[PDB]
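Shown below, as structure tokens, is a lone chain in the form deposited in one PDB entry; questions about how it binds or moves come after it.
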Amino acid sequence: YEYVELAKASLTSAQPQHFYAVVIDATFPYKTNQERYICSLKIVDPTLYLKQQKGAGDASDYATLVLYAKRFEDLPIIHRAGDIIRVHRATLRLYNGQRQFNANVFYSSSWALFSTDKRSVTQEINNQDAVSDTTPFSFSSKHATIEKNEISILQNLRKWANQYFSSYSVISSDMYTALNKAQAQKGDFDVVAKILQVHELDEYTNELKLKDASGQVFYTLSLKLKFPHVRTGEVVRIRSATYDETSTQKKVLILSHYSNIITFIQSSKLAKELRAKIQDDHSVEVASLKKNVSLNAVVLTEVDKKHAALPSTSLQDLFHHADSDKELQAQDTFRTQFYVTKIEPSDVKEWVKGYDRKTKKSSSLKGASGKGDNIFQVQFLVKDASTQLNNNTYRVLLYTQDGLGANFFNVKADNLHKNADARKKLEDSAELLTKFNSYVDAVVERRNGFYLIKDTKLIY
């Protein structure tokens, strides 16, 4: 197999040509009719990557690659921009002034994907190591062969990809639309934004809270199965979104089956700059707290920094599988998300009790001090997406006698029958916690079959 650079490929031969290229954009593989699936991509290489820079405006230049197949599984799922694709038997032609490589995977063409970063997106998600730096993480057909001579092509292209992504935006300004101008678009458009929050709306869907360089915040639904790589704090390019005219309560982008959500390789200058520049916005949340009913979700808490890398565990797993699953049994500390249905004891004044450390007994402070050290002994009854349809509510404790969760309310334990200031703050917190669409993101510690909140604090 002889590999040709993108700008050097022949437009006259019409013969099958082969190449290695860096993928910068791609639709998700999609069905067009009863027998065809298509994946369209934008590709670059050392000979084709930037438009005549003078009056060009540092806009990226690229070739396009259209892959045709009879089955969904014969097409590449591009989760990240910057990785490498090797194509065999593509025919080239000019399509409206640009170099279009076409490949019928259902006939004789094939493709193979190589990770530019140490691990592919899927390997990062599952915490797996790559077989080797010359093994494709995905490919069409039952086999893929990498010859000794290709090794240098792959290694050199990787080095170049990192140089390209670190020196240029790659996804240039002409490749997307600012969110505050989304309503002005006639049809679909692209977006480059930071994911501020990933809210599990249900068993199959995530609701992404996005904010781009223009400062505008938008929400969009993202299927869990389709885009399992979405992560809070990360920057993504969204290929094909439309402005939802029927969303009155919040700004919403509608995605289609061909739409795609793409992250960037580690070296990305654009991703680095956006992760630092774009900052969290709680303006939507603050405004919603003034309404009796908020169609916008509000995460009321934040977990300690040391836990911001801990993966979350659903209530279904915490309460129904933690005594039977090997991986769950080996852990005592977990992170989870839920909404509070009811808080016990009902009387907010009883949330703080006097605790006798010798007898391990707590008591009401209505009679005051004679009960011991003041502590919170609060019992939340919660539910989440994984347990949404069942007839259960789950107990999550805020028992601070040993220090766990002491600062949860941003109110040090005090006699609530006497301290009006503390009682009032807690009553207000109670209303926020039980309000529809209010959720808690918390770290819990398993103790004698119960889960106690720790290293978690309200941020409202």
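Just so we're on the same page, rigid core means the largest C-alpha set that superposes within 1.5 Å between forms. In this text, residue numbers run from 1 along the sequence as written. Shifts are known only where both forms have a C-alpha.
A.B. asks: If you average the Cα B factors in the entry, which is higher, 186-194 or 273-281?
C.D. replies: If you average the C-alpha B-factors of 273-281 and of 186-194, the larger mean comes out for 273-281.
A.B. asks: Take the C-alpha B-factors listed in the entry for 324-332 and for 381-389, compute each mean, and give the stretch with the larger one.
C.D. replies: The stretch with the larger mean CA B-factor is 324-332.
A.B. asks: Of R89, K148, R239, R71, which one's C-alpha B factor is largest in the deposited record?
C.D. replies: So the option with the highest C-alpha B-factor is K148.
A.B. asks: Return the residue from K118, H79, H257, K181 that has the highest Cα B-factor in the entry.
C.D. replies: That would be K118.
A.B. asks: Hey, what third does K435 fall into on Cα B-factor, ranked over its chain?
C.D. replies: It belongs to the lowest third of the chain when residues are ordered by C-alpha B-factor.
A.B. asks: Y164's Cα B-factor: lowest, middle or highest third of the chain?
C.D. replies: For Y164, the deposited C-alpha B-factor lands in the highest third.
A.B. asks: Is the Cα B-factor recorded for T122 in the lowest, middle or highest third of its chain?
C.D. replies: CA B-factor rank for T122: middle third.
A.B. asks: Quick one: classify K226 as lowest, middle or highest third of the chain based on its Cα B-factor.
C.D. replies: For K226, the deposited C-alpha B-factor lands in the lowest third.
A.B. asks: Please say which third, lowest, middle or highest, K54 falls into when its CA temperature factor is compared across its chain.
C.D. replies: Answer is highest: the recorded C-alpha B-factor places it there.
Another form exists, deposited in another entry; not displayed. Remarks below refer to it.
A.B. asks: Hey, after the core superposition between this form and the one not shown, which of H199, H229, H88, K349 has the C-alpha moving 2 angstroms or more?
C.D. replies: Shifted by 2 Å or more: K349 only.
A.B. asks: Rigid core superposed, CA of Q316 - does it shift 2 Å or more between this form and the one not shown?
C.D. replies: For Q316, whose C-alpha is compared between this form and the one not shown after core superposition, the shift is 2 Å or more.
A.B. asks: Taking the rigid core as reference, does the Cα of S369 move 2 Å or more between this form and the one not shown?
C.D. replies: Yes; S369 is a residue whose C-alpha shifts (by 2 Å or more) between this form and the one not shown when the cores are overlaid.
A.B. asks: Aligning on the rigid core, do we see the C-alpha of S109 shift 2 angstroms or more between this form and the one not shown?
C.D. replies: It does not reach a 2 Å shift.
A.B. asks: Where do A385 and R80 end up in the other entry, Cα atoms closer or farther than shown, with a change of 3 Å or more?
C.D. replies: Relative to the shown form, the pair is closer.
A.B. asks: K194 and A385: their C-alpha distance differs by 3 angstroms or more in the other entry. Do they come closer or move farther apart compared with the shown form?
C.D. replies: Relative to the displayed form, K194 and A385 draw closer in the other entry - a change of at least 3 Å between their C-alphas.
A.B. asks: Requiring every Cα in the run to move by 2 Å or more, and the run to span 3 or more residues, what stretches do you find between this form and the one not shown with the rigid core held fixed?
C.D. replies: Runs shifting 2 Å or more: 12-14, 50-61, 118-128, 281-283, 294-460.
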